[PDB]
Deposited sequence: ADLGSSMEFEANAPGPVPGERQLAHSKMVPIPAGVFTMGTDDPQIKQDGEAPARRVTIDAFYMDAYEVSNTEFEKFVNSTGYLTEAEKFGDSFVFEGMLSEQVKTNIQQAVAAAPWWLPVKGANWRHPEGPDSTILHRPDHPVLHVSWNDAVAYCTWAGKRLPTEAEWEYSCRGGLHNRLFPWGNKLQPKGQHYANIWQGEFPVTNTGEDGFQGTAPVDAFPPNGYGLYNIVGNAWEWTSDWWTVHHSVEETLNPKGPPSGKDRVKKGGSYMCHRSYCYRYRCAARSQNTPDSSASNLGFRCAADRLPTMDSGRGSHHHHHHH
């Protein structure tokens, strides 16, 4: 395994957002042309094993551990009736104190806040991606498509991401092979070599959240200078067209930076390769 490996994301200009927004309240529109300098993106969501290396090295206690609770989706035992604050839920105990990560070391780390993610990425010699970098990377070299791979959810009759199948929230059929998370290296890569960029775990980005965007062309944009919530991208194993259609590269949501949940993780980015881990 090389679950901290990065891929080179080429310099380019791309269309961020969409003039055909599917969730208008989220500021998916307007489409705008954005120029991105070449950089590096983690191929994988940060896994439990990789996060454990960080905690072993630094002693870091995550925010959910210090607060003593985190949000867990009821279907695997608040923003919605299916989100419950569970005492003792955290990255090591993703459904609460009687759950474990021992059987899922290669799954994405969960219950990590924005601050926890920044701490990990900086320890790794990296950083969070901006929203524009994240979306450009998600799109995988394709223009104005719904998904990293194109416009069909199941191209060639194949599942390409870990989302929900069945009637949410009562029945997840696990048709795609995974009820909860999947290993970080599951499913096909996109055109840039990224795995699970849509689905699996949601992913923090560095930007403050706003829904007000201009059509002006921009260069390496960082988002607004202030805010109260940080932007997350890409959707999760819970998403379904019927209620939360956020497994599209253009989709976007937000949470306060001290937030954490059982469907929210991250990956890192870097301007240049960090020191080789000998």
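J.: Compare what was deposited with what's modelled and send me the C-alpha-less stretches, numbered from 1.
T.: Unmodelled stretches: 1-22, 100-111, 313-323.
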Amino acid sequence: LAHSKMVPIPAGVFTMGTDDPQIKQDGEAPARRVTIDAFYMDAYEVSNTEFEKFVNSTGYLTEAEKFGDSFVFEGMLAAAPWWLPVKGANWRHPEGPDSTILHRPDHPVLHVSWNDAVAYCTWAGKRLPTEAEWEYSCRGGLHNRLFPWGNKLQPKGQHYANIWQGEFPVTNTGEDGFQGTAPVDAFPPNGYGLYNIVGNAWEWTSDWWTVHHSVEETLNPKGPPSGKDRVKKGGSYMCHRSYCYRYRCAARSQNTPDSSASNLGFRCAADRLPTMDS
From here on, numbers count along this sequence of modelled residues.
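J.: Using the B-factors recorded in the PDB entry, average over the C-alpha atoms of 91-99 and of 187-195, then report which stretch comes out higher.
T.: Mean B over CA atoms: larger for 91-99.
J.: Do the CA atoms of 218-226 or those of 31-39 have the higher mean B-factor in the entry?
T.: Comparing 218-226 with 31-39, the higher mean C-alpha B-factor belongs to 218-226.
J.: Just the C-alpha B-factor column, please: which of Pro105, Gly75, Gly140, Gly180 has the biggest number?
T.: Going by the entry's C-alpha B-factors, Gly75 comes out highest.
J.: Of the choices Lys53, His213, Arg248, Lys232, which one's C-alpha carries the largest B-factor in the record?
T.: The record points to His213.
J.: Lowest, middle or highest third: where is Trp82 by Cα B-factor in its chain?
T.: According to the entry, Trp82 has a C-alpha B-factor in the chain's middle third.
J.: For the chain shown, is the CA B-factor of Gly265 in the lowest, middle or highest third of its modelled residues?
T.: Lowest third.
J.: Split the chain's modelled residues into thirds by Cα B-factor; is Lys156 in the lowest, middle or highest one?
T.: It belongs to the highest third of the chain when residues are ordered by C-alpha B-factor.
J.: Within this chain, which third does the Cα B-factor at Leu146 fall in: lowest, middle or highest?
T.: Middle third, going by the recorded CA B-factors of the chain.
J.: Consider only the C-alpha atoms of the modelled residues in this chain, order them by B-factor as the entry records it, and name the third containing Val118: lowest, middle or highest.
T.: Tercile = middle for this residue's CA B-factor.
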